[PDB]
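Accompanying notes for the structure given below.
Protein chains in written order, with full-length UniProt numbering: chain A, 1 to 80, 83 to 145; chain B, 1 to 30; chain C, 1 to 30; chain D, 6 to 147.
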C-alpha cells in the first residue's frame, strides 16, 4: 500500500476546496473525444482552470471537506470540476452546451447556495443577468 | 467613469454575487 | 449579497440613494 | 490529416513533390501560388513551417503561426551550423538571449505560453544537441 504520490499531491493539494471558494462545484467528466472544447492545455501556463486525475482516489473517500450547502443540479457523483469564475462566466469562458461543440458532453453534480436544479439550461447558456440587471431599476412596484 | 462603478461594484464576483441575487429578487417580488 | 446585506441597508439611507440611484449616477451608467 | 509544405527561403519552388501534387489536395493553383508567396516571403531560410487545412471544397485556408525548432537557432543563435556527429564539441554555444525572446513568436500555439515554455521547447533541437547549452549558471538555490 504505497498510496502512490500520484494520489498525494493530486489528492486536491487540498485546493479548490479552499481555492476559489470550494463550493458551487458541479458537473462534467475526466474526458471524452479530445478535439474541441478548449483552453485545454491553454489556461495561460498551468491547467489551473481544469483538473488532472483520479475519480476513485479522492471522490470516493476524500471527505466532506470545506463546503457550501446541499446539492443536486441534474444527478450525483462520478466526475467533477475546478475554477473561480462560476455560473455567469463559467459559461462565457468554457463548456457552451446542448449538445456542445464536440459530440455532446454529458454529466455530473453540483452544490452552491441558490436552491435548485439542472445547472445546464437556465444558469449556463451565456446568461447575461449582468447586462439584464439594469432592467430591475424600476421594475415590480413603481408608478 | 460610471460604467466602472456599475460594472465593477457588481464584480466583487464575476459569478453569482448581487448578479444572481436580483434574478432571485425579481423572482421573489412578482 | 442577497438575504440581509441589502435587506435593510435601505431603512437607514432610504429615499436618498433610491430616489437618487435610479435618477442620479445610475443617470451615469453604460 | 491534410499536411505538407512549400519552401525554402524565398522564390518558392513548386517542384515534383512540393505543389504540382495539388490534385485531390486543394486545386485552385494559379492565384494561390501567390497568396502564400507573401507568407513565406522576405523571412530567410532555416525551416519556415507550412500549416495547411481541409475543406468541403477547393480553396482558401490559413498559413502558419510560428517557424521554430531550428529557425531562431541558425540565424545568429548557438552558431548552430551544427556540424556532423551533431556535436559534443560546442559547434556553437550561447545563452537564452537568441532563444528565449527572439521568438515570443512561439506564443501562438505550443500550449504553454509563459517563457520557460516554448522557449525551452525550441532549445530542444538547439540546446540539448550535444552541448546542453545553458539557461543560466544554475540559479543558486539558497
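Heads up, the beta-carbon is just placed ideally off N, CA and C, and yes, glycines get one too.
Determine, using beta carbons only, whether residue 78(D) and residue 6(D) come nearer to each other than 9 Å.
Here the question's residue 78(D) lines up with position 73 in the fourth chain. Here the question's residue 6(D) lines up with position 1 in the fourth chain. Cβ atoms of residue 78(D) and residue 6(D): not closer than 9 Å.
Using a Cβ-Cβ cut-off of 6 Å (strictly less than) and excluding sequence neighbours within five positions of residue 124(D), which residues of its own chain qualify?
Here residue 124(D) refers to the residue found at position 119 of the fourth chain. Hits under 6 Å: 105.
Am I right that residue 1(C) and residue 18(B) are in contact with their C-beta atoms under 8 Å? What's the rounded C-beta distance?
Numbered from 1 along the third chain, position 1 holds the residue referred to as residue 1(C). Numbered from 1 along the second chain, position 18 holds the residue referred to as residue 18(B). Their Cβ separation, rounded to whole angstroms, is 5 Å, which keeps residue 1(C) and residue 18(B) in contact under 8 Å.
State yes or no: is the C-beta of residue 49(A) within less than 9 Å of the C-beta of residue 43(A)?
In the first chain, the residue the question calls residue 49(A) occupies position 49. In the first chain, the residue the question calls residue 43(A) occupies position 43. Cβ atoms of residue 49(A) and residue 43(A): closer than 9 Å.
What is the rounded straight-line gap between the Cα of residue 25(B) and the Cα of residue 12(C)?
By 1-based counting over the second chain, the position of residue 25(B) is 25. By 1-based counting over the third chain, the position of residue 12(C) is 12. So the alpha carbons of these two residues sit roughly 20 Å apart.
From this set, 93(A), 91(A), 96(A) and 55(A), which residue's C-alpha is nearest residue 77(A)'s C-alpha?
As a position in the first chain, residue 77(A) is number 77, starting the count at 1. Of the listed residues, the one whose Cα sits closest to residue 77(A) is 55(A).
Taking DSSP's pairing of strands, which residues face residue 114(A) in a bridge?
As a working mapping, residue 114(A) is identified with position 112 in the first chain. Answer by DSSP bridge pairing: none, since residue 114(A) is not bridged.
Taking C-beta pairs closer than 8 Å, name the residues in chain D that residue 44(A) reaches, listed in chain order.
What you label residue 44(A) is simply residue 44 of the first chain in a count that begins at 1. Here the neighbours are 118 and 119.
Using three-state DSSP, classify residue 83(D) as helix, strand or coil.
In the fourth chain, counting from the first residue as 1, residue 83(D) sits at position 78. In the structure shown, residue 83(D) sits in a helix (DSSP, three-state: H, G or I).
Between residue 108(D) and chain A, is there a C-beta pair that is closer than 9 Å?
One-based indexing of the fourth chain puts residue 108(D) at position 103. Residue 108(D) does not count as touching chain A.
Across which residues does DSSP place residue 73(A) in a beta bridge pair?
Your numbering for residue 73(A) matches position 73 in the first chain. DSSP, once it has assigned bridges, lists 119(A) as partnering residue 73(A).
Residue 41(A) bridges to which residues according to DSSP?
Position 41 of the first chain, counted from the start, is the residue given in the question as residue 41(A). For residue 41(A), which the question treats as bridged, DSSP gives the partners 39(A).
Going by the CB atoms, is the gap between residue 74(D) and residue 130(D) shorter than 9 Å?
Walking along the fourth chain from the start, residue 130(D) turns up at place 125. Walking along the fourth chain from the start, residue 74(D) turns up at place 69. Taking 9 Å as the Cβ cut-off, residue 130(D) and residue 74(D) qualify as a contacting pair.
May I ask you to report which of helix, strand or coil DSSP gives residue 42(D)?
By one-based count along the fourth chain, residue 42(D) stands at place 37. If DSSP states are grouped into helix, strand and coil, residue 42(D) belongs with coil.
Please state if the CB of residue 28(D) and the CB of residue 37(D) are separated by a distance shorter than 9 Å.
In the fourth chain, the residue the question calls residue 37(D) occupies position 32. In the fourth chain, the residue the question calls residue 28(D) occupies position 23. No, the pair does not count as a contact, with Cβ atoms beyond the cut-off.
Could you run through the stretch 49-70 of chain A and flag, in chain order, every residue whose CB is less than 9 Å away from some CB of chain D?
Against chain D - using a Cβ distance shorter than 9 Å - the stretch 49-70 of chain A contributes no residues.
Along the chain, where does the alpha helix (DSSP H) containing residue 108(D) start, and where does it finish?
The residue labelled residue 108(D) in the question sits at position 103 within the fourth chain. Per DSSP, residue 108(D) belongs to no alpha helix (DSSP H) and is neither H nor E.
Is it right to say residue 85(D) is buried, meaning 16 or more other beta carbons lie within 10 angstroms of its own, or is it exposed?
Within the fourth chain, numbered from 1, the residue matching residue 85(D) stands at position 80. Result: buried.
Mind the definition here: the stretch 119-126 of chain A touches the stretch 88-97 of chain A only if three or more C-beta pairs lie below 8 Å; say whether that holds.
The stretch 119-126 of chain A, when compared against the stretch 88-97 of chain A, does touch it at the 8 Å Cβ threshold.
Roughly how many angstroms separate the alpha carbons of residue 30(C) and residue 8(B), rounded to a whole number?
Position 30 of the third chain, counting from 1, holds the residue named residue 30(C). Position 8 of the second chain, counting from 1, holds the residue named residue 8(B). In a straight line, the C-alpha of residue 30(C) is about 12 Å away from that of residue 8(B).
Straight-line CA distance for residue 111(A) to residue 133(A)?
Sequence index remark: in the first chain, residue 111(A) carries index 109 (1-based). Sequence index remark: in the first chain, residue 133(A) carries index 131 (1-based). Whole-angstrom Cα-Cα distance: 28 Å.
Smallest Cα separation from residue 107(D): which of 127(D), 97(D) and 117(D)?
The sequence position of residue 107(D) within the fourth chain is 102, counting from 1. Among 127(D), 97(D) and 117(D), the Cα nearest to that of residue 107(D) is on 127(D).
Cα-Cα, which of 119(A), 139(A), 59(A) and 61(A) is closest to residue 22(C)?
On the third chain, residue 22(C) is found 22 positions in, with the first residue counted as 1. With distances taken between Cα atoms, residue 22(C) lies closest to 139(A).
Which one of 144(A), 145(A) and 118(A) has the shortest CA to CA distance from residue 20(B)?
Counting from one through the second chain, the residue named residue 20(B) turns up at place 20. For the residues 144(A), 145(A) and 118(A), the minimum Cα distance to residue 20(B) belongs to 118(A).
Tell me the residue span of the alpha helix (DSSP H) that contains residue 8(A).
Here residue 8(A) refers to the residue found at position 8 of the first chain. Start and end: 5-8.
Report yes or no: is there a C-beta of chain A within less than 9 Å of the C-beta of residue 30(C)?
Residue numbering aside, residue 30(C) sits at position 30 when the third chain is read from its first letter. Closer than 9 Å to some Cβ of chain A, the Cβ of residue 30(C) qualifies, so yes.
Can you check whether the C-beta of residue 18(B) is within less than 9 Å of a C-beta belonging to chain A?
Position 18 of the second chain, counted from the start, is the residue given in the question as residue 18(B). Cβ-Cβ to chain A under 9 Å: yes for residue 18(B).
Got a sec: is the Cβ-Cβ distance from residue 139(A) to anything in chain C below 9 Å?
In the first chain, residue 139(A) corresponds to position 137, counting from 1. Answer yes: the Cβ-Cβ gap between residue 139(A) and chain C drops below 9 Å somewhere.
On the three-state DSSP scale, how would you describe residue 126(D)?
Start at 1 with the first residue of the fourth chain, and residue 126(D) comes out as number 121. Of the three classes helix, strand and coil, the one that applies to residue 126(D) here is helix, per DSSP.
Out of curiosity, what's the CA-to-CA distance linking residue 81(D) and residue 14(A)?
The sequence position of residue 81(D) within the fourth chain is 76, counting from 1. The sequence position of residue 14(A) within the first chain is 14, counting from 1. Roughly 47 Å separates the two Cα atoms.
9 Å is my cut-off, CB to CB: does residue 11(C) come that close to chain B?
Here residue 11(C) corresponds to residue number 11 of the third chain, with the count starting at 1. No, its Cβ sits nowhere closer than 9 Å to a Cβ of chain B.
If you check the beta carbons only, do residue 47(A) and residue 80(A) fall under 9 Å apart?
Mapped onto the first chain, residue 47(A) falls at position 47. Mapped onto the first chain, residue 80(A) falls at position 80. No.
Would residue 120(A) pass as an interface residue toward chain B - the criterion being a Cβ-Cβ separation below 9 Å?
As a position in the first chain, residue 120(A) is number 118, starting the count at 1. Not one chain B Cβ lies under 9 Å of residue 120(A).
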